[PDB]
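Data block for protein_36.cif (mmCIF, C-alpha atoms and all ligand atoms; chains and numbers go by the auth columns):
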data_model
loop_
_atom_site.group_PDB
_atom_site.id
_atom_site.type_symbol
_atom_site.label_atom_id
_atom_site.label_comp_id
_atom_site.label_asym_id
_atom_site.label_seq_id
_atom_site.Cartn_x
_atom_site.Cartn_y
_atom_site.Cartn_z
_atom_site.B_iso_or_equiv
_atom_site.auth_seq_id
_atom_site.auth_asym_id
ATOM 1 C CA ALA A 1 125.870 127.174 117.021 0.00 1 K
ATOM 2 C CA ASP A 2 128.517 124.606 117.911 0.00 2 K
ATOM 3 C CA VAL A 3 126.079 121.764 117.208 0.00 3 K
ATOM 4 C CA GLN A 4 125.341 123.385 113.842 0.00 4 K
ATOM 5 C CA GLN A 5 129.038 123.635 113.003 0.00 5 K
ATOM 6 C CA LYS A 6 129.583 120.009 114.001 0.00 6 K
ATOM 7 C CA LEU A 7 126.696 118.774 111.835 0.00 7 K
ATOM 8 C CA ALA A 8 127.958 120.821 108.883 0.00 8 K
ATOM 9 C CA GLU A 9 131.431 119.338 109.329 0.00 9 K
ATOM 10 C CA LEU A 10 129.979 115.819 109.502 0.00 10 K
ATOM 11 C CA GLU A 11 127.977 116.424 106.340 0.00 11 K
ATOM 12 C CA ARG A 12 131.023 117.759 104.489 0.00 12 K
ATOM 13 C CA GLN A 13 133.197 114.827 105.507 0.00 13 K
ATOM 14 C CA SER A 14 130.477 112.344 104.547 0.00 14 K
ATOM 15 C CA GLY A 15 130.196 113.710 100.999 0.00 15 K
ATOM 16 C CA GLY A 16 126.406 113.548 101.085 0.00 16 K
ATOM 17 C CA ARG A 17 123.312 115.412 102.226 0.00 17 K
ATOM 18 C CA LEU A 18 122.288 115.111 105.882 0.00 18 K
ATOM 19 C CA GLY A 19 118.920 115.951 107.445 0.00 19 K
ATOM 20 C CA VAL A 20 118.417 116.025 111.214 0.00 20 K
ATOM 21 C CA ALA A 21 115.544 116.902 113.508 0.00 21 K
ATOM 22 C CA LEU A 22 115.748 116.388 117.268 0.00 22 K
ATOM 23 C CA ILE A 23 112.793 117.193 119.536 0.00 23 K
ATOM 24 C CA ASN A 24 113.744 117.352 123.220 0.00 24 K
ATOM 25 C CA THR A 25 110.576 116.971 125.281 0.00 25 K
ATOM 26 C CA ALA A 26 112.389 118.206 128.416 0.00 26 K
ATOM 27 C CA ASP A 27 112.168 121.810 127.202 0.00 27 K
ATOM 28 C CA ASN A 28 110.136 121.598 123.973 0.00 28 K
ATOM 29 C CA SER A 29 113.179 122.527 121.903 0.00 29 K
ATOM 30 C CA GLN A 30 114.394 121.405 118.488 0.00 30 K
ATOM 31 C CA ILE A 31 117.772 120.970 116.813 0.00 31 K
ATOM 32 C CA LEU A 32 117.311 121.190 113.039 0.00 32 K
ATOM 33 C CA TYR A 33 119.659 120.676 110.079 0.00 33 K
ATOM 34 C CA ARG A 34 118.175 120.729 106.553 0.00 34 K
ATOM 35 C CA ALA A 35 115.006 119.900 108.439 0.00 35 K
ATOM 36 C CA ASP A 36 112.657 121.337 105.784 0.00 36 K
ATOM 37 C CA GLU A 37 114.339 119.592 102.861 0.00 37 K
ATOM 38 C CA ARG A 38 112.841 116.429 101.411 0.00 38 K
ATOM 39 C CA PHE A 39 114.527 113.041 101.701 0.00 39 K
ATOM 40 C CA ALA A 40 113.431 109.611 100.485 0.00 40 K
ATOM 41 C CA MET A 41 112.004 107.818 103.529 0.00 41 K
ATOM 42 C CA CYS A 42 112.678 104.249 102.396 0.00 42 K
ATOM 43 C CA UNK A 43 112.014 101.784 105.276 0.00 43 K
ATOM 44 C CA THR A 44 111.208 104.613 107.693 0.00 44 K
ATOM 45 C CA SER A 45 107.793 104.954 106.025 0.00 45 K
ATOM 46 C CA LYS A 46 106.731 101.617 107.556 0.00 46 K
ATOM 47 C CA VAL A 47 105.968 103.404 110.835 0.00 47 K
ATOM 48 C CA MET A 48 103.199 105.366 109.112 0.00 48 K
ATOM 49 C CA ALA A 49 101.832 102.236 107.407 0.00 49 K
ATOM 50 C CA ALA A 50 101.759 100.276 110.664 0.00 50 K
ATOM 51 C CA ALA A 51 100.196 103.244 112.448 0.00 51 K
ATOM 52 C CA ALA A 52 97.448 103.407 109.804 0.00 52 K
ATOM 53 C CA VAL A 53 96.604 99.749 110.478 0.00 53 K
ATOM 54 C CA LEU A 54 96.675 100.394 114.240 0.00 54 K
ATOM 55 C CA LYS A 55 94.305 103.341 113.800 0.00 55 K
ATOM 56 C CA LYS A 56 91.964 101.195 111.670 0.00 56 K
ATOM 57 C CA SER A 57 92.013 98.575 114.454 0.00 57 K
ATOM 58 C CA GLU A 58 90.545 101.045 116.950 0.00 58 K
ATOM 59 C CA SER A 59 87.156 100.573 115.250 0.00 59 K
ATOM 60 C CA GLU A 60 87.677 96.914 114.219 0.00 60 K
ATOM 61 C CA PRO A 61 88.590 94.962 117.369 0.00 61 K
ATOM 62 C CA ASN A 62 89.970 91.756 115.870 0.00 62 K
ATOM 63 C CA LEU A 63 91.712 93.499 112.939 0.00 63 K
ATOM 64 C CA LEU A 64 95.213 92.643 114.155 0.00 64 K
ATOM 65 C CA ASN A 65 94.274 88.938 114.180 0.00 65 K
ATOM 66 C CA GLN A 66 93.050 89.041 110.558 0.00 66 K
ATOM 67 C CA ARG A 67 94.911 86.532 108.366 0.00 67 K
ATOM 68 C CA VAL A 68 96.690 87.506 105.139 0.00 68 K
ATOM 69 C CA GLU A 69 97.836 84.961 102.551 0.00 69 K
ATOM 70 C CA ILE A 70 101.533 85.006 101.636 0.00 70 K
ATOM 71 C CA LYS A 71 102.331 83.676 98.148 0.00 71 K
ATOM 72 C CA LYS A 72 105.413 83.441 95.967 0.00 72 K
ATOM 73 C CA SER A 73 103.924 86.279 93.906 0.00 73 K
ATOM 74 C CA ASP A 74 104.145 88.540 96.971 0.00 74 K
ATOM 75 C CA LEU A 75 107.914 88.178 97.353 0.00 75 K
ATOM 76 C CA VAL A 76 109.917 91.323 96.602 0.00 76 K
ATOM 77 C CA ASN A 77 113.607 92.128 97.133 0.00 77 K
ATOM 78 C CA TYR A 78 113.961 91.721 100.934 0.00 78 K
ATOM 79 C CA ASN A 79 111.625 89.241 102.629 0.00 79 K
ATOM 80 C CA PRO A 80 113.397 87.918 105.757 0.00 80 K
ATOM 81 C CA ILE A 81 110.194 86.962 107.598 0.00 81 K
ATOM 82 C CA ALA A 82 107.613 86.557 104.834 0.00 82 K
ATOM 83 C CA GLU A 83 109.791 84.019 102.987 0.00 83 K
ATOM 84 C CA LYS A 84 109.227 81.659 105.947 0.00 84 K
ATOM 85 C CA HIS A 85 105.419 81.863 105.585 0.00 85 K
ATOM 86 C CA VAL A 86 104.908 81.370 101.853 0.00 86 K
ATOM 87 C CA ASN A 87 101.742 79.350 101.166 0.00 87 K
ATOM 88 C CA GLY A 88 100.379 80.060 104.628 0.00 88 K
ATOM 89 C CA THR A 89 98.947 83.148 106.280 0.00 89 K
ATOM 90 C CA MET A 90 100.321 85.771 108.647 0.00 90 K
ATOM 91 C CA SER A 91 98.219 87.978 110.882 0.00 91 K
ATOM 92 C CA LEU A 92 98.236 91.750 110.478 0.00 92 K
ATOM 93 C CA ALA A 93 99.983 91.907 113.873 0.00 93 K
ATOM 94 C CA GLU A 94 102.717 89.578 112.611 0.00 94 K
ATOM 95 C CA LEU A 95 103.062 91.610 109.417 0.00 95 K
ATOM 96 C CA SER A 96 103.310 94.837 111.414 0.00 96 K
ATOM 97 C CA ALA A 97 106.025 93.330 113.620 0.00 97 K
ATOM 98 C CA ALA A 98 107.922 91.952 110.616 0.00 98 K
ATOM 99 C CA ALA A 99 107.804 95.296 108.812 0.00 99 K
ATOM 100 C CA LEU A 100 108.870 97.297 111.857 0.00 100 K
ATOM 101 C CA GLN A 101 111.412 94.912 113.407 0.00 101 K
ATOM 102 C CA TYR A 102 112.974 93.273 110.344 0.00 102 K
ATOM 103 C CA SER A 103 112.177 95.799 107.589 0.00 103 K
ATOM 104 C CA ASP A 104 110.332 93.031 105.746 0.00 104 K
ATOM 105 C CA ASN A 105 109.274 94.329 102.292 0.00 105 K
ATOM 106 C CA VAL A 106 106.363 91.959 101.830 0.00 106 K
ATOM 107 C CA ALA A 107 105.020 92.925 105.224 0.00 107 K
ATOM 108 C CA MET A 108 105.128 96.613 104.268 0.00 108 K
ATOM 109 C CA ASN A 109 103.270 95.864 101.043 0.00 109 K
ATOM 110 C CA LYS A 110 100.560 93.961 102.934 0.00 110 K
ATOM 111 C CA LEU A 111 100.082 96.872 105.352 0.00 111 K
ATOM 112 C CA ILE A 112 99.875 99.290 102.410 0.00 112 K
ATOM 113 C CA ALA A 113 97.384 97.108 100.554 0.00 113 K
ATOM 114 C CA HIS A 114 95.227 96.517 103.614 0.00 114 K
ATOM 115 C CA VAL A 115 94.502 100.199 104.170 0.00 115 K
ATOM 116 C CA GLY A 116 93.940 100.989 100.492 0.00 116 K
ATOM 117 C CA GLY A 117 97.362 101.741 99.055 0.00 117 K
ATOM 118 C CA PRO A 118 99.964 104.516 99.217 0.00 118 K
ATOM 119 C CA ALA A 119 97.385 107.274 98.794 0.00 119 K
ATOM 120 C CA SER A 120 95.489 105.936 101.812 0.00 120 K
ATOM 121 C CA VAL A 121 98.634 105.912 103.965 0.00 121 K
ATOM 122 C CA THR A 122 99.223 109.493 102.814 0.00 122 K
ATOM 123 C CA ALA A 123 95.628 110.471 103.635 0.00 123 K
ATOM 124 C CA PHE A 124 96.136 109.065 107.144 0.00 124 K
ATOM 125 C CA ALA A 125 99.222 111.253 107.561 0.00 125 K
ATOM 126 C CA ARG A 126 97.141 114.251 106.465 0.00 126 K
ATOM 127 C CA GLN A 127 94.419 113.382 108.992 0.00 127 K
ATOM 128 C CA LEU A 128 97.075 113.467 111.723 0.00 128 K
ATOM 129 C CA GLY A 129 98.190 116.951 110.637 0.00 129 K
ATOM 130 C CA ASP A 130 101.292 115.905 108.660 0.00 130 K
ATOM 131 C CA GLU A 131 101.033 117.781 105.366 0.00 131 K
ATOM 132 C CA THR A 132 104.582 116.912 104.215 0.00 132 K
ATOM 133 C CA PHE A 133 104.743 113.095 104.175 0.00 133 K
ATOM 134 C CA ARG A 134 103.991 111.444 100.851 0.00 134 K
ATOM 135 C CA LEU A 135 103.943 107.720 100.180 0.00 135 K
ATOM 136 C CA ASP A 136 103.656 107.295 96.406 0.00 136 K
ATOM 137 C CA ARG A 137 104.775 103.709 95.690 0.00 137 K
ATOM 138 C CA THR A 138 104.938 100.196 97.096 0.00 138 K
ATOM 139 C CA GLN A 139 108.038 98.080 97.738 0.00 139 K
ATOM 140 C CA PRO A 140 110.541 97.781 96.148 0.00 140 K
ATOM 141 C CA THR A 141 110.235 100.880 94.007 0.00 141 K
ATOM 142 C CA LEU A 142 109.698 103.311 96.903 0.00 142 K
ATOM 143 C CA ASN A 143 113.426 102.864 97.719 0.00 143 K
ATOM 144 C CA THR A 144 114.853 104.324 94.463 0.00 144 K
ATOM 145 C CA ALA A 145 115.766 107.601 96.252 0.00 145 K
ATOM 146 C CA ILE A 146 116.680 109.506 93.079 0.00 146 K
ATOM 147 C CA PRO A 147 117.956 113.028 93.839 0.00 147 K
ATOM 148 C CA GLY A 148 115.335 115.622 92.960 0.00 148 K
ATOM 149 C CA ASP A 149 112.480 113.092 92.977 0.00 149 K
ATOM 150 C CA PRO A 150 109.769 114.016 95.527 0.00 150 K
ATOM 151 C CA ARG A 151 108.118 110.583 95.482 0.00 151 K
ATOM 152 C CA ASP A 152 108.116 108.742 98.811 0.00 152 K
ATOM 153 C CA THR A 153 109.685 111.650 100.704 0.00 153 K
ATOM 154 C CA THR A 154 109.214 113.705 103.818 0.00 154 K
ATOM 155 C CA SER A 155 111.216 116.286 105.748 0.00 155 K
ATOM 156 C CA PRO A 156 113.088 115.648 109.008 0.00 156 K
ATOM 157 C CA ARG A 157 110.977 118.259 110.810 0.00 157 K
ATOM 158 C CA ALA A 158 107.705 116.704 109.720 0.00 158 K
ATOM 159 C CA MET A 159 108.772 113.140 110.449 0.00 159 K
ATOM 160 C CA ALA A 160 110.055 114.054 113.917 0.00 160 K
ATOM 161 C CA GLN A 161 106.804 115.853 114.737 0.00 161 K
ATOM 162 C CA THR A 162 104.731 112.947 113.439 0.00 162 K
ATOM 163 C CA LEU A 163 106.805 110.310 115.226 0.00 163 K
ATOM 164 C CA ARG A 164 106.408 112.297 118.436 0.00 164 K
ATOM 165 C CA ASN A 165 102.627 112.299 117.938 0.00 165 K
ATOM 166 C CA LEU A 166 102.521 108.558 117.232 0.00 166 K
ATOM 167 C CA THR A 167 104.790 107.390 120.071 0.00 167 K
ATOM 168 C CA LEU A 168 104.433 110.035 122.808 0.00 168 K
ATOM 169 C CA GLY A 169 101.277 111.904 121.782 0.00 169 K
ATOM 170 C CA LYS A 170 97.668 111.008 121.152 0.00 170 K
ATOM 171 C CA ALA A 171 97.453 109.992 117.504 0.00 171 K
ATOM 172 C CA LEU A 172 96.671 106.409 118.593 0.00 172 K
ATOM 173 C CA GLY A 173 94.631 104.977 121.446 0.00 173 K
ATOM 174 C CA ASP A 174 96.558 103.823 124.494 0.00 174 K
ATOM 175 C CA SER A 175 96.627 100.131 123.521 0.00 175 K
ATOM 176 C CA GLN A 176 97.683 100.943 119.964 0.00 176 K
ATOM 177 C CA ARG A 177 100.321 103.493 120.990 0.00 177 K
ATOM 178 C CA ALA A 178 101.816 101.002 123.438 0.00 178 K
ATOM 179 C CA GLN A 179 101.836 98.355 120.702 0.00 179 K
ATOM 180 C CA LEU A 180 103.680 100.651 118.291 0.00 180 K
ATOM 181 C CA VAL A 181 106.257 101.560 120.947 0.00 181 K
ATOM 182 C CA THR A 182 106.764 97.903 121.887 0.00 182 K
ATOM 183 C CA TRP A 183 107.265 96.987 118.243 0.00 183 K
ATOM 184 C CA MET A 184 109.798 99.782 117.687 0.00 184 K
ATOM 185 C CA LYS A 185 111.711 98.941 120.889 0.00 185 K
ATOM 186 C CA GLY A 186 112.067 95.407 119.514 0.00 186 K
ATOM 187 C CA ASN A 187 113.582 96.527 116.228 0.00 187 K
ATOM 188 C CA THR A 188 116.522 94.366 115.117 0.00 188 K
ATOM 189 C CA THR A 189 117.908 96.571 112.313 0.00 189 K
ATOM 190 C CA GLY A 190 119.008 99.740 114.130 0.00 190 K
ATOM 191 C CA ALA A 191 121.984 98.871 116.329 0.00 191 K
ATOM 192 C CA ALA A 192 124.533 100.503 113.975 0.00 192 K
ATOM 193 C CA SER A 193 122.464 103.671 113.385 0.00 193 K
ATOM 194 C CA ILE A 194 121.103 106.162 115.962 0.00 194 K
ATOM 195 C CA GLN A 195 121.640 103.620 118.776 0.00 195 K
ATOM 196 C CA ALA A 196 125.356 103.483 117.956 0.00 196 K
ATOM 197 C CA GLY A 197 125.686 107.203 118.789 0.00 197 K
ATOM 198 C CA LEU A 198 123.944 107.035 122.184 0.00 198 K
ATOM 199 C CA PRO A 199 125.033 105.673 125.575 0.00 199 K
ATOM 200 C CA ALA A 200 124.435 101.958 126.025 0.00 200 K
ATOM 201 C CA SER A 201 122.021 102.590 128.908 0.00 201 K
ATOM 202 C CA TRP A 202 119.523 104.600 126.866 0.00 202 K
ATOM 203 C CA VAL A 203 116.356 102.897 125.636 0.00 203 K
ATOM 204 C CA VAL A 204 115.535 103.270 121.941 0.00 204 K
ATOM 205 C CA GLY A 205 112.666 102.417 119.644 0.00 205 K
ATOM 206 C CA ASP A 206 113.672 103.043 116.046 0.00 206 K
ATOM 207 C CA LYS A 207 112.970 102.270 112.408 0.00 207 K
ATOM 208 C CA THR A 208 115.704 102.299 109.771 0.00 208 K
ATOM 209 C CA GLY A 209 115.600 102.709 106.011 0.00 209 K
ATOM 210 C CA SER A 210 117.980 102.259 103.109 0.00 210 K
ATOM 211 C CA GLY A 211 117.805 102.727 99.374 0.00 211 K
ATOM 212 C CA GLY A 212 119.443 103.895 96.202 0.00 212 K
ATOM 213 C CA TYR A 213 122.051 106.648 96.224 0.00 213 K
ATOM 214 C CA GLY A 214 123.433 105.222 99.447 0.00 214 K
ATOM 215 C CA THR A 215 120.358 106.443 101.291 0.00 215 K
ATOM 216 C CA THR A 216 120.671 105.572 104.965 0.00 216 K
ATOM 217 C CA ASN A 217 117.964 106.638 107.416 0.00 217 K
ATOM 218 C CA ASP A 218 116.768 106.135 110.987 0.00 218 K
ATOM 219 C CA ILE A 219 113.938 107.584 113.079 0.00 219 K
ATOM 220 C CA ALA A 220 113.786 107.015 116.825 0.00 220 K
ATOM 221 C CA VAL A 221 112.060 107.628 120.115 0.00 221 K
ATOM 222 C CA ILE A 222 114.687 107.711 122.865 0.00 222 K
ATOM 223 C CA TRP A 223 114.437 107.469 126.655 0.00 223 K
ATOM 224 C CA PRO A 224 117.727 108.755 128.092 0.00 224 K
ATOM 225 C CA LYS A 225 118.498 107.664 131.625 0.00 225 K
ATOM 226 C CA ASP A 226 116.396 109.760 134.051 0.00 226 K
ATOM 227 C CA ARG A 227 115.417 112.292 131.372 0.00 227 K
ATOM 228 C CA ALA A 228 112.371 113.237 129.365 0.00 228 K
ATOM 229 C CA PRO A 229 112.230 111.445 126.004 0.00 229 K
ATOM 230 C CA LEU A 230 113.658 112.631 122.727 0.00 230 K
ATOM 231 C CA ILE A 231 112.554 112.157 119.133 0.00 231 K
ATOM 232 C CA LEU A 232 115.344 112.008 116.548 0.00 232 K
ATOM 233 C CA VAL A 233 115.236 111.770 112.753 0.00 233 K
ATOM 234 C CA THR A 234 118.499 111.308 110.848 0.00 234 K
ATOM 235 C CA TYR A 235 118.214 111.094 107.056 0.00 235 K
ATOM 236 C CA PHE A 236 121.212 110.766 104.758 0.00 236 K
ATOM 237 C CA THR A 237 121.704 110.384 101.020 0.00 237 K
ATOM 238 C CA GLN A 238 124.660 110.469 98.657 0.00 238 K
ATOM 239 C CA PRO A 239 125.528 111.649 95.157 0.00 239 K
ATOM 240 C CA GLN A 240 126.379 108.293 93.530 0.00 240 K
ATOM 241 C CA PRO A 241 123.638 105.836 92.496 0.00 241 K
ATOM 242 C CA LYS A 242 125.561 102.837 93.869 0.00 242 K
ATOM 243 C CA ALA A 243 126.969 104.504 96.984 0.00 243 K
ATOM 244 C CA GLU A 244 127.346 102.196 99.975 0.00 244 K
ATOM 245 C CA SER A 245 125.463 102.429 103.255 0.00 245 K
ATOM 246 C CA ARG A 246 126.655 104.952 105.835 0.00 246 K
ATOM 247 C CA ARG A 247 124.997 104.009 109.122 0.00 247 K
ATOM 248 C CA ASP A 248 128.028 105.501 110.898 0.00 248 K
ATOM 249 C CA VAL A 249 126.955 108.971 109.701 0.00 249 K
ATOM 250 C CA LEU A 250 123.634 108.560 111.503 0.00 250 K
ATOM 251 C CA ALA A 251 125.416 107.415 114.658 0.00 251 K
ATOM 252 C CA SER A 252 127.716 110.440 114.453 0.00 252 K
ATOM 253 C CA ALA A 253 124.779 112.812 114.008 0.00 253 K
ATOM 254 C CA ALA A 254 123.003 111.273 117.001 0.00 254 K
ATOM 255 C CA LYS A 255 126.109 111.720 119.154 0.00 255 K
ATOM 256 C CA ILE A 256 126.484 115.361 118.075 0.00 256 K
ATOM 257 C CA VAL A 257 122.897 116.368 118.881 0.00 257 K
ATOM 258 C CA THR A 258 122.648 114.524 122.206 0.00 258 K
ATOM 259 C CA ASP A 259 126.096 115.270 123.666 0.00 259 K
HETATM 260 CL CL CL B . 127.765 104.795 91.313 0.00 301 K
HETATM 261 NA NA NA B . 111.453 106.512 99.991 0.00 302 K
#
Here is the file; what I need is its structure written in the form of structure tokens.
Ligand SMILES: [Cl-]
Ligand code: NA
Amino acid sequence: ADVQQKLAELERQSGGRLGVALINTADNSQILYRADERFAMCXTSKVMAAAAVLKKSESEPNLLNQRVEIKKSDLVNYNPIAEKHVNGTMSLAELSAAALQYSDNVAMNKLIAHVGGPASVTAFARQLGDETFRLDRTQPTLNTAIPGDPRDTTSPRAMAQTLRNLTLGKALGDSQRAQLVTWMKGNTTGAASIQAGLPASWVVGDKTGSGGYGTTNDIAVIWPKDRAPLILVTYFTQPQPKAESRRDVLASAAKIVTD
């Protein structure tokens, strides 16, 4: 009740729309706030794309070593890693790491294309038992985050459950699960988001997202000191098309639900 009041107060002060789902594996409990509403995933969808490639690799041993050409025509709006590799190749492992750890747009698009496109990523989610996730578009258009638009959305509840399956459950084989967790623990983009609301000693693997309407997102697997792990999804979006980022809102939500 108090956690619910605190999240409602945070949402009101922020001016936007906040979605939270925490799974605490200590006691199999959840803390939910707008957890069945849809939110634009933005960058957070790259976990599903990378997981689809990892799943494909379970029946294609050297898949992660497969080379992918990077060309000027592949560049999109945010290419921090791929821009360094234009006119050469990157492996699927390198693209997965760039997508997950730097939010590289080109890398996401190569993962999407490899597995057959947005509808194939969505079909993979369905195979896992996630009937909420939808990836409709590639980068950069999947980030538009227009209010009322269901494209490229999921709910906090569904994303938390799916992230739990991918990182702590059995969606992926042991090698592939460990690889996903290692990639997420090496993320470089999340220090101001969920991590900023947790004690410094806790270990986090996370994936952020951002987009139009000031959309600011983070999804995380969290190992608190000497405790069972948590899964936390914090999704946030705002009324104005050109609203600025609000990573502090995600940090505040994380602090509220883990205090
Ligand atoms: Cl505006
Ligand atoms: Na989206």
Can you give me, as a PyMOL selection string, the residues this file yields under the PyMOL selection byres (((not hetatm)) within 7 of (chain K and resi 302))? chain K and resi 40-42+142-145+151-153
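Summary of the local environment: counting all atoms listed in the file, residues at most 8 Å from residue 254 in chain K, other than itself and those fewer than 4 positions away along its chain, are residues 194, 195, 197, 198, 232, 234, 250 and 258 of chain K.
Considering all atoms listed in the file, the residue among K:84, K:126, K:55, K:46 positioned nearest to residue 108 in chain K is K:46.
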Got a sec to check which residues lie within 7 Å of ligand CL 301 (chain K), using all atoms listed in the file, and send them as a PDB file with C-alpha atoms, in the coordinates of the input?
ATOM      1  CA  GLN K 240     126.379 108.293  93.530  1.00  0.00           C
ATOM      2  CA  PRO K 241     123.638 105.836  92.496  1.00  0.00           C
ATOM      3  CA  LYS K 242     125.561 102.837  93.869  1.00  0.00           C
ATOM      4  CA  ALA K 243     126.969 104.504  96.984  1.00  0.00           C
TER       5      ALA K 243
END
Dig up all the protein and nucleic acid residues within 12 Å of (122.9, 119.2, 99.0) in the file frame, using all atoms listed in the file, and format them as a VMD selection string. chain K and resid 8 11 to 12 14 to 19 33 to 34 37 to 39 147 to 148 236 to 239
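Going from CA of residue 65 in chain K over to CA of residue 180 in chain K, you cover 15.6 Å.
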When you draw a straight line from CA of residue 74 in chain K to CA of residue 87 in chain K, how long is it in Å? 10.4 Å
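Using all atoms listed in the file for every distance, the candidate list K:139, K:162, K:62, K:30 yields K:162 as the residue closest to residue 124 in chain K.
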Which residues match the PyMOL selection byres (((chain K and resi 121) around 7) and not hetatm) in the file above, as a ChimeraX atom specification? /K:48-49,52,112,117-120,122-125,135
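Each of K:176, K:109, K:77, K:101 was compared to residue 59 in chain K using all atoms listed in the file, and K:176 turns out to be the nearest.
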Written as an mmCIF file with C-alpha atoms, keeping the file's coordinate frame, what is the full residue list that the PyMOL selection byres (((chain K and resi 107) around 9) and not hetatm) yields on the file shown?
data_model
loop_
_atom_site.group_PDB
_atom_site.id
_atom_site.type_symbol
_atom_site.label_atom_id
_atom_site.label_comp_id
_atom_site.auth_asym_id
_atom_site.auth_seq_id
_atom_site.Cartn_x
_atom_site.Cartn_y
_atom_site.Cartn_z
ATOM 1 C CA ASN K 79 111.625 89.241 102.629
ATOM 2 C CA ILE K 81 110.194 86.962 107.598
ATOM 3 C CA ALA K 82 107.613 86.557 104.834
ATOM 4 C CA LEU K 92 98.236 91.750 110.478
ATOM 5 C CA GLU K 94 102.717 89.578 112.611
ATOM 6 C CA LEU K 95 103.062 91.610 109.417
ATOM 7 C CA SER K 96 103.310 94.837 111.414
ATOM 8 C CA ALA K 97 106.025 93.330 113.620
ATOM 9 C CA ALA K 98 107.922 91.952 110.616
ATOM 10 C CA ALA K 99 107.804 95.296 108.812
ATOM 11 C CA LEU K 100 108.870 97.297 111.857
ATOM 12 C CA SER K 103 112.177 95.799 107.589
ATOM 13 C CA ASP K 104 110.332 93.031 105.746
ATOM 14 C CA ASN K 105 109.274 94.329 102.292
ATOM 15 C CA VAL K 106 106.363 91.959 101.830
ATOM 16 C CA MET K 108 105.128 96.613 104.268
ATOM 17 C CA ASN K 109 103.270 95.864 101.043
ATOM 18 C CA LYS K 110 100.560 93.961 102.934
ATOM 19 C CA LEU K 111 100.082 96.872 105.352
ATOM 20 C CA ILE K 112 99.875 99.290 102.410
#
Neighbouring residues of residue 158 in chain K were defined as those with any atom within 8 Å, considering all atoms listed in the file; residues of the same chain fewer than 6 positions away were excluded. Please report them as an NGL selection string. :K and (36 or 130 or 132-133)
Mind pulling up the distance from CA of residue 256 in chain K to CA of residue 5 in chain K? 10.0 Å
My list of candidates is K:235, K:223, K:213, K:78. Which is closest to residue 185 in chain K when distances are computed with all atoms listed in the file? K:223
Near-residue 184 in chain K list (12 Å; only C-alpha atoms; drop same-chain fewer than 4 positions) as an MDAnalysis selection string: chainID K and resid 44 46:47 50:51 96:103 163 166:167 177:180 188:190 203:208 218:222
Find the smallest box with edges along x, y and z containing every listed atom of range 50-69 of chain K, then add 8 Å on each side and report centre and edge lengths in Å to one decimal, as lines of an AutoDock Vina configuration file.
center_x = 94.5
center_y = 94.2
center_z = 110.0
size_x = 30.6
size_y = 34.4
size_z = 30.8
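With distances taken over all atoms listed in the file, K:210 is the one residue among K:245, K:217, K:210, K:66 lying closest to residue 140 in chain K.
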May I have the residues at most 12 Å from (113.4, 113.0, 132.1) in the file's coordinates, counting all atoms listed in the file, as a VMD selection string? chain K and resid 24 to 27 202 222 to 230
Which one of K:150, K:209, K:156, K:129 sits closest to residue 22 in chain K if you count only C-alpha atoms? K:156
